[PDB]
Amino acid sequence: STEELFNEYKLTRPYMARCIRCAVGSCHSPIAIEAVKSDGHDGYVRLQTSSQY
Amino acid sequence: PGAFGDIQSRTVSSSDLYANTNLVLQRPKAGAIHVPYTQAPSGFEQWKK
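Order-wise, the sequence lines are chains H and G.
Residue numbers for the first sequence, in PDB author numbering: 1 to 53.
Residue numbers for the second sequence, in PDB author numbering: 197 to 245.
Below, the structure is given as structure tokens:
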């Protein structure tokens with residue numbers, strides 16, 4: 001499992017980005033969503049965000 | 197734009213890409229850091245529809 005994350009995390013530093021809705025108006029959110037892909041079949045979506053997992 | 201073949205690649209692993217999607221850039225909102233743009237919706241997904 002640790003072989004998959006030499007670079008995708010260890011040098012990456014999640015950022016804070018503009019969000020249009022943060023429960024009050026516009027926003028600079030830590031979980032800003034960059035893309036939502038839903039081209040699969042059974043409701044599975046891949047979501048790119050400013051957070052890291 | 198907005199039709200099948202709006203973007204084309206010679207091979208699935210090829211390094212070339214012809215793109216024609218009517219991409220245009222809009223002015224950023226006041227006091228905001230982002231790149232607004234307007235495009236014709238994907239021709240592949242419309243073709244699948």
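Cβ coordinates follow ideal geometry from the N, Cα and C atoms, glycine included.
Would you call residue i buried or exposed, if buried means 16 or more other Cβ atoms sit within 10 Å of its Cβ?
i: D202(G); result: buried
Measuring alpha carbon to alpha carbon, tell me which residue in the options is nearest residue i.
i: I31(H); options: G40(H), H41(H), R18(H) and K37(H); result: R18(H)
i: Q48(H); options: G25(H), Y15(H) and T2(H); result: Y15(H)
i: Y233(G); options: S210(G), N218(G) and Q222(G); result: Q222(G)
i: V220(G); options: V231(G), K245(G) and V208(G); result: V231(G)
i: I33(H); options: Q52(H), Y44(H) and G25(H); result: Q52(H)
By Cβ distance, which residues of its chain are closer than 7 Å to residue i, with the 5 residues on each side in sequence left out?
i: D39(H); result: none
i: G198(G); result: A236, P237, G239 and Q242
i: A215(G); result: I203
Starting from the C-beta of residue i, find all residues in its chain whose C-beta is less than 6 Å away, skip the five residues before and the five after it, and write them out in chain order.
i: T217(G); result: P197, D202, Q235 and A236
The region 222 to 233 of chain G: positions lying closer than 8 Å to chain H by Cβ
Under the 8 Å Cβ criterion, the region 222 to 233 of chain G contributes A228, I229 and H230.
What are the residues in the region 10 to 42 of chain H lying within 7 Å of chain G by C-beta distance?
For the region 10 to 42 of chain H, which is checked against every Cβ of chain G, the residues closer than 7 Å are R18.
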